[PDB]
Each structure stands twice: as structure tokens, then as C-alpha cells.
């Protein structure tokens, strides 16, 4: 067929409802995620209307090819969704109740400023282009919106799955387009990051600082340079599970700032030795004793300065 004709001159309202069955594969570098969910559609098509008393059955099942169904599409998806139609029910007044189960790969940008303490807002944009004959608007049936209790996103906590009830209606290539915003709110599980990356990164740094309670250049150079190399291993490791951000990330700042604490430790160590060869173990030991406090203090100051700038 073709669209149901207006029963006045009114835009056709299509009622939507996404129900998350599964959430999986949140790819941080690609800024994508996969979803498996129910998509529930509902519209009024009077042409399909009937009498429950006459036909003796209060609901009518239909195969999708048989009736007019709106061309609903996802906006922020890599390829068109994979969908199997579950049910089509028509109530006496001509109300269609569409239900399909779909799966799709979704493009939603992530903000890494507060990584790995960051929280995200994933989006699923539902859309419909209107026909010449008829204008189409989307609406949210809040009863058919949700997620099941099990959905689990490896590595994240799931706060809420809600929808912006008012659609964004606009012209696109001389036709009306109705766009809905479904929002999945998530928070990163950062427990593992503390013993697996953060504390080791600090231990290797604190080991570099033992060159302040040592008079031997040879051993000091080894202490600082070897631990600096270990810090590079961690800088490379963490920047690889991350995309090319045009903004300073929080961990990125910490790591970068640490590169200076190794550089300045090399300066101190280079100085302490230079004075011993010039025969002033006098000020060499003053500098070495100063560094012992200066470094832990400046480090702790800087980390507070940064945490304040980012949280």
C-alpha cells in the first residue's frame, strides 16, 4: 500500500520504544558499541480498522509485506540494523503495534577528559523521513522503553536508559525528518586501573627518588634512567587502549607531568655528581637533601592542582 491518509490534515505520529536486551563491545578507540534490543512501533491506520463483534476476533495479526509500515531508521549506525519481525497486532480502531528485535553497531563519541574516572552518555538516534502524500513525526511510548536487569557492559556500570520525549523536526533535502534521542548513561569501572597501572607507575617513580639518599652517580643514573624506561612501557601501554584526542586527558597529563619528574631528577643527579668532581660535596649534599622533600611535595601539589582542574 502507501501511507494512511490524514483524518483532517495532521502529521502522522509514530510511537517508538527501544528495549535493550544486550549491550556489548564498547570499543573506546573506535568510539562505538553494539546493541541487541526490541524496537516497538505504533501508528493509526484507519484503513485496517474493523468490528470485534462481526469478525469475532478482537486482534488481527498481519505479515509485514501485507500492510503499510513506516521506514524507521537509526542515524548513528555503521550499517543498517539486522532485524527480525516479532509481531504485528492491529486493534479494532486501526492501531498497529509493530515489534521487531534488532542488533546494530552504534557510533557515539566518548569524552576522555576524565579517563579512567569518566562517565559517558551513549546515543541511539531514531529517525523517519516523511512522504510527499503525508508528514511523519516520532513520539516516545515510555512504557515500551527500558533495559532488562542483566544487561552488562563488560567494564562499565549502566545508570539509565531513557529517551528525550520531544523529537527534533527539521528539513533535510526538501523533506521533513523526525529525530528521537535515546540515551544510555554509563560510568567506567576503574578498580583494576589502581593496582594494574597507577600504583606500579608510582612505585617505579618513588624508586627513581632513592637516588637522593645515594652519593653514587653510576647507581643513581641506573636508578633514574631504568625506572624512566619502565615509565615509557606504561605510557605506551595506556595510550594504546585510547584514541587520538585533540584535548588533554587527565591520565595523559599525570603521565606527561611524570616525564618531567624523571627529567629534573636526571638534572639533580647530573648536578650532585658535577659538584663532587669540582670538590664542593658542601652544596652537592644541600641540593640532594632539598630534593628529598621538594620532589614528594611539588608532586603532591601538582596532582592536587590537576585533580582540581579536572574534577
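Positions refer to the first chain, counted from 1.
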Q. Given the B-factors recorded for C-alpha atoms, which segment has the greater mean, 277-285 or 34-42?
A. 277-285
Q. Averaged over C-alpha atoms, is the B-factor higher for 21-29 or for 8-16 in this PDB entry?
A. 8-16
Q: Could you tell me which third, lowest, middle or highest, the C-alpha B-factor of residue 229 occupies within its chain?
A: lowest
Q | CA B-factor placement of residue 75, once the chain's modelled residues are sorted into thirds | A | lowest
Q. What third of the chain, by the recorded C-alpha B-factor, contains residue 151?
A. highest
(Q) Is residue 193 in the lowest, middle or highest third of its chain when residues are ranked by C-alpha B-factor? (A) middle
**Q.** residue 91 by Cα B-factor - lowest, middle or highest third of the modelled chain
**A.** highest
